[PDB]
Every structure is written in structure tokens, then in C-alpha cells.
There are 2 protein chains.
Amino acid sequence: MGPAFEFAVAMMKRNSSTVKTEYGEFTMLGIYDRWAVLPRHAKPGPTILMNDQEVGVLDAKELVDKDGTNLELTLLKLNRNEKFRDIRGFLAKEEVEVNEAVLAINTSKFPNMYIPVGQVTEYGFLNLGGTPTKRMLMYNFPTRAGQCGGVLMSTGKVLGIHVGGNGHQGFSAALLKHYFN
Amino acid sequence: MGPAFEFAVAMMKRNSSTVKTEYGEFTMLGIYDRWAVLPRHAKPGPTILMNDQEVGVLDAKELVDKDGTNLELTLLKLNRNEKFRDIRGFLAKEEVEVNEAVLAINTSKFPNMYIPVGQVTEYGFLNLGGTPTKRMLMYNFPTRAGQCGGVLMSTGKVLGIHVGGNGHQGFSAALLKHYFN
């Protein structure tokens with residue numbers, strides 16, 4: 001748990017930002033170059049607020065699998081000169097399972113907050129608020145609204161982005177290496 | 001940071017509860033026997049909700065120093081059969097300073113959330129919302145409302161209870177060994 005916490009804190013400092021769309025305030029993880037990722041429900045428009053500063057969105061891709069099934073991630077390309085620290089080496093080729101994970105949230109509602117969620121298991125298929133979704137990771141913890149966009153991490157691993165919760169169970173979309181490039 | 005996180009998580013699981021008074025929802029740390037502590041602003045009445053269950057308060061002491069100066073803690077004795085795990089050995093005799101602290105919050109607004117706040121320094125005197133207060137510990141982090149009652153910890157140390165914030169600076173009341181007994 002401790003090493004996952006130390007990893008998470010470092011990763012958030014280097015790669016995370018707080019973002020506002022017309023649909024809410026979200027934690028945003030920058031991945032490489034000007035590409036970042038948001039939970040699909042963030043529904044980013046032509047401009048976003050990133051750390052309170054207006055930023056143009058050049059492109060947004062709502063990820064689906066080979067059979068059109070929702071993955072609940074949106075990738076976005078930002079109109080900005082600074083490049084994200086390349087973290088693609090921390091992204092797995094397939095859904096990660098770990099014994100000890102932390103979920104990191106960074107918004108106005110949850111400024112630099114970290115939650116131990118314990119074991120992460122590949123859940124896979126889920127009907128997510130009425131939408132069939134795949135590649136879900138599941139973990140047990142008391143889930144609250146505003147946590148959407150949180151970054152799920154263990155030591156040396158970025159596993160996914162928190163996209164939903166129900167009572168005492170949360171779900172992340174797996175953040176896979178091949179989604180980038 | 002990691003060891004402080006692991007310590008905090010263990011301590012919260014064993015000794016913390018979520019409490020509602022007429023004045024709000026607070027994280028509550030149980031100390032020994034049936035004695036617990038709340039930020040003074042919790043203003044506990046004759047009954048509290050502790051983990052959603054009504055609990056009678058036998059006694060509440062609003063702590064002041066030898067010259068009547070506010071310390072911003074209330075100690076409360078609970079009408080309940082279960083005894084808290086005695087954590088008085090984790091309480092210092094005097095205001096603690098550390099290089100790496102975590103603030104742990106456990107309420108509906110912030111369920112099992114942990115914040116790295118870095119360095120804790122003895123601030124001492126503070127005019128706290130119009131009230132002269134002493135024995136304050138200070139740390140820098142983006143403070144939000146609802147964090148009152150959070151438990152400030154480092155590895156093997158319970159330092160104090162979060163009682164206030166202003167922008168990017170928070171304050172805890174030092175939780176001293178002699179307050180108990």
C-alpha cells in the first residue's frame with residue numbers, strides 16, 4: 001500500500017491536472033505528447049478548463065472495442081505547447097490485476113486525495129448505467145460522486161480511470177498501452 | 001510518505017468512526033476506554049450518531065490552556081459498552097513536527113480518503129476564525145470544507161486533529177498525551 005501511495009503521489013504531481021467541461025470537474029491524466037484521457041462522461045467540448053485556464057481540444061475519441069462496445073474512455077488532444085511526460089511505459093498491454101491499489105483524485109471537490117481500494121480484479125463486462133461496457137476493473141470501497149476520472153494505480157503501474165461506483169464497489173476502465181498511437 | 005500512509009490506514013480502520021452532531025458530520029478518533037476526540041466546532045450534544053447509530057454522550061470537555069485560551073478540541077465520553085483500542089502511546093507529550101504527514105478523513109463526504117500534507121511545523125498561536133487559539137500545527141495543502149476532524153498522522157505518531165484551513169494552509173490542534181487521564 002505504501003509504495004503504491006508514494007508512486008501515486010509522484011505520478012499525480014507530474015502528470016495530473018484538474019479539468020472542467022460543461023459536464024463537470026474531472027481529474028485528468030496526461031499520457032504523452034498532448035494526448036490525455038478522461039472518463040467518457042466528461043463529454044469534452046471544443047474548449048476545456050485545465051487548471052483554470054482555457055485550452056482548445058483538437059480531437060476527442062470516444063473509445064469502443066471491435067464490436068462497437070463502449071470502453072468508457074475519451075482520449076483528447078490538447079492545443080498546448082507543453083508536452084506531457086511520456087507515461088506509456090506505465091500502461092499495461094492488458095487488464096491489470098493487483099493486490100493493493102490506490103485511487104488518486106485531484107479536483108476542487110477532492111483536492112489531492114488518495115483512497116486505498118485494495119485488490120483490483122478484472123471484471124470485464126458491465127452494464128454501466130444502461131450502457132454495455134467492457135474491460136472494467138473492479139475494486140471495493142465506499143464510492144461517492146465526483147470521483148469520476150480518478151486514476152487507479154499500484155506500485156509502478158497505472159491501471160485505469162475510475163468511471164463508476166455503486167455503494168461499495170467501484171469500476172475503472174482499463175488504461176491500455178495500445179490506445180496510445 | 002508510504003509508511004505514514006500505511007500507518008494512517010491501519011489506525012483509521014482500528015480507531016476511527018464517522019460521527020454526526022447537529023453541527024455536521026466529522027471524523028472521530030477514539031482514544032482509550034470510551035473517550036474520543038472531536039474538533040471543538042462539532043459541539044456535540046447529549047446524543048451523537050456514530051456509524052449511523054445513536055450514542056449517548058456522558059461528558060464533553062472543551063479544552064482550554066491554563067490561561068483560558070481555546071485549544072479547539074472537545075473530548076467526549078461515550079455511553080457504549082465497547083472500549084477503544086488504547087492509542088495513548090501514539091500521542092506525544094508536546095507538539096510534534098515531522099517531515100512527512102498524512103491527513104486521514106472518514107465521512108460521507110470524504111469516505112476513507114488520505115491526503116499527503118508534507119511537513120508539519122509547530123505554529124502555536126493563531127487567531128482561528130476570530131478565536132485566539134494555541135498549540136496549532138500547520139501544514140500546506142489545498143484545504144476544503146468538511147475536512148474538520150481529520151486525523152493528522154506520520155509513521156507511528158498521531159499528531160493532531162484538523163480544525164481549520166485557509167486556501168492552501170491547514171491547521172491541526174495538537175493531540176497531547178496528558179489530555180487523557
# chains A, B, ... in the order shown; residues from 1 in each chain; ligands from 1
>>> interface_residues(of="chain A", to="chain B", cutoff="12 Å", atoms="only C-alpha atoms", output="PyMOL selection string")
chain A and resi 1-10+12-13+100+102-118+140-147+155+167-168
>>> write_last_selection(atoms="C-alpha atoms", output="short mmCIF file (atom, residue, chain, number, x, y, z; two decimals), in the first residue's frame")
data_model
loop_
_atom_site.label_atom_id
_atom_site.label_comp_id
_atom_site.auth_asym_id
_atom_site.auth_seq_id
_atom_site.Cartn_x
_atom_site.Cartn_y
_atom_site.Cartn_z
CA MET A 1 0.00 0.00 0.00
CA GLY A 2 2.78 2.47 0.98
CA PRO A 3 4.79 2.07 -2.18
CA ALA A 4 1.60 2.39 -4.24
CA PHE A 5 0.80 5.65 -2.38
CA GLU A 6 4.28 7.03 -2.99
CA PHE A 7 4.06 6.10 -6.66
CA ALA A 8 0.53 7.64 -6.98
CA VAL A 9 1.55 10.91 -5.34
CA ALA A 10 4.59 11.32 -7.64
CA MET A 12 -0.23 12.89 -9.91
CA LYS A 13 2.25 15.68 -9.34
CA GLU A 100 -3.06 -3.35 -3.46
CA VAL A 102 -4.79 3.38 -4.68
CA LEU A 103 -7.27 5.64 -6.41
CA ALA A 104 -5.98 9.27 -6.73
CA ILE A 105 -8.36 12.14 -7.22
CA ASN A 106 -7.44 15.76 -7.91
CA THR A 107 -10.34 18.27 -8.24
CA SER A 108 -11.88 21.18 -6.22
CA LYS A 109 -14.22 18.73 -4.55
CA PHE A 110 -11.34 16.31 -3.84
CA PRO A 111 -8.01 18.15 -3.85
CA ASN A 112 -5.04 15.74 -3.86
CA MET A 113 -6.90 12.91 -2.16
CA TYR A 114 -5.95 9.21 -2.19
CA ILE A 115 -8.00 6.20 -1.37
CA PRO A 116 -6.74 2.67 -0.59
CA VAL A 117 -9.06 0.36 -2.56
CA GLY A 118 -7.15 -2.92 -2.02
CA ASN A 140 -14.34 -2.48 -3.25
CA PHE A 141 -14.50 0.83 -1.37
CA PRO A 142 -17.27 3.33 -0.29
CA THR A 143 -17.82 5.16 -3.58
CA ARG A 144 -19.01 8.75 -3.89
CA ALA A 145 -19.96 11.07 -6.76
CA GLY A 146 -17.14 13.35 -8.10
CA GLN A 147 -14.59 10.57 -8.12
CA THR A 155 3.48 0.42 -7.49
CA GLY A 167 -22.47 1.58 -2.95
CA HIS A 168 -19.19 -0.06 -2.02
#
>>> residues_around(residues="residue 176 (chain A)", least_positions_apart="5", cutoff="10 Å", atoms="only C-alpha atoms", output="PyMOL selection string")
chain A and resi 88+90-96+135+158-160
>>> closest_residue(among="B:136, B:73, B:151, B:175", to="residue 27 (chain B)", atoms="only C-alpha atoms")
B:151
>>> atom_distance(atom1="CA of residue 131 (chain B)", atom2="CA of residue 162 (chain B)")
15.8 Å
>>> atom_distance(atom1="CA of residue 55 (chain A)", atom2="CA of residue 161 (chain A)")
21.4 Å
>>> residues_around(residues="residue 87 (chain B)", least_positions_apart="2", cutoff="9 Å", atoms="only C-alpha atoms", output="mmCIF file with N, CA and C atoms, in the first residue's frame")
data_model
loop_
_atom_site.group_PDB
_atom_site.id
_atom_site.type_symbol
_atom_site.label_atom_id
_atom_site.label_comp_id
_atom_site.auth_asym_id
_atom_site.auth_seq_id
_atom_site.Cartn_x
_atom_site.Cartn_y
_atom_site.Cartn_z
ATOM 1 N N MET B 11 -4.578 2.711 11.468
ATOM 2 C CA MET B 11 -5.107 3.487 12.611
ATOM 3 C C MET B 11 -6.562 3.845 12.382
ATOM 4 N N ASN B 15 -9.399 2.639 14.896
ATOM 5 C CA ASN B 15 -9.783 3.637 15.912
ATOM 6 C C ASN B 15 -10.718 4.736 15.435
ATOM 7 N N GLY B 30 -11.265 7.571 18.371
ATOM 8 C CA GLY B 30 -11.389 7.026 19.722
ATOM 9 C C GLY B 30 -9.999 6.815 20.303
ATOM 10 N N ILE B 31 -9.856 7.135 21.580
ATOM 11 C CA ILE B 31 -8.517 7.269 22.180
ATOM 12 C C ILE B 31 -8.199 6.150 23.191
ATOM 13 N N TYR B 32 -9.049 5.976 24.197
ATOM 14 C CA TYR B 32 -8.919 4.818 25.101
ATOM 15 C C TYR B 32 -10.261 4.689 25.785
ATOM 16 N N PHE B 84 -12.454 1.560 23.138
ATOM 17 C CA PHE B 84 -11.485 1.825 22.082
ATOM 18 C C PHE B 84 -10.160 1.150 22.375
ATOM 19 N N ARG B 85 -9.510 0.659 21.323
ATOM 20 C CA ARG B 85 -8.125 0.248 21.388
ATOM 21 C C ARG B 85 -7.303 1.440 21.952
ATOM 22 N N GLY B 89 -0.295 5.718 23.657
ATOM 23 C CA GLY B 89 1.144 5.625 23.335
ATOM 24 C C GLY B 89 1.539 6.269 22.017
ATOM 25 N N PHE B 90 0.556 6.493 21.144
ATOM 26 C CA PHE B 90 0.854 7.189 19.893
ATOM 27 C C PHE B 90 0.750 8.709 20.008
ATOM 28 N N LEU B 91 0.263 9.184 21.148
ATOM 29 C CA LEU B 91 0.103 10.615 21.408
ATOM 30 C C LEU B 91 1.373 11.150 22.084
ATOM 31 N N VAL B 158 0.364 9.869 16.139
ATOM 32 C CA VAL B 158 -0.875 10.636 15.890
ATOM 33 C C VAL B 158 -0.609 12.069 16.389
#
